[PDB]
């Protein structure tokens, strides 16, 4: 049984502290977040049907204090509805606090707060790129395994007011009907190839005509005409995805038919990128707020 209010209070009380300060939840509280959120994820569709207004964010990658700033600008749940597009952990310094606050908000406000799966919400990936090490250092391996069980149940895509298709990575040459996404059974790992892999790993590319091999070595690239055909076939207006660092935190593709959102400013302390958050109002007017890193 969770005391979700106590948990959220402790996660938020480090606001304003010298950045890097940890929240020390009890192991059983974190396990509790994983178990309860898994129940909620499985009870909701794997392809979410959402209504505007809401705010949409891309990659967070453990940048907890930047996540807190996103909520300060966007409004703390449930003042605003949120959809996150995946990649909550790895690379950054505070993945545990990041995923714990996100799961806590999912549990407290399950119809106002939504999380999609990113390619880092995958044991084979986050074992390597930081999350496993963080779990091992602060708790133990068993807790990392508990997170994996939770991540294996995250929904994969969302459609906002029947017009905006959202997922972490991108399109798939295997995808002919949304029903194919709906028939993916959870829990599941991410496969090395196939529909679910593509939805989490693929990228748009201005220099490809049709589909191409992705330079990453996983999945595909797709061109602007692929986007156009997808939108026309499914009566959609916009693809909203994440999965690529972009200078200004958001970047359009194919004459604004696709947008990439990335919400982790100065990613890895390497990229000097802004993080962006997209607001969608009830009329589906989209606007951007961007967090620019400064000295």
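Positions refer to the first chain, counted from 1.
For the pair 116-124 and 137-145, the mean Cα B-factor is higher in 137-145. Comparing 89-97 with 152-160, the higher mean C-alpha B-factor in the PDB entry belongs to 89-97.
When the Cα B-factors of 255, 36, 61, 243 are read from the PDB record, 255 comes out highest. The PDB entry assigns residue 263 a C-alpha temperature factor belonging to the middle third of its chain's modelled residues.
Among the modelled residues of its chain, residue 132 has a C-alpha B-factor that falls in the middle third, as given in the PDB entry.
Ranked against the other modelled residues of its chain, the C-alpha B-factor of residue 77 as given in the entry falls in the middle third.
Ranked against the other modelled residues of its chain, the C-alpha B-factor of residue 234 as given in the entry falls in the highest third.
In the deposited entry, the Cα temperature factor of residue 176 sits in the top third of values across the chain's modelled residues.
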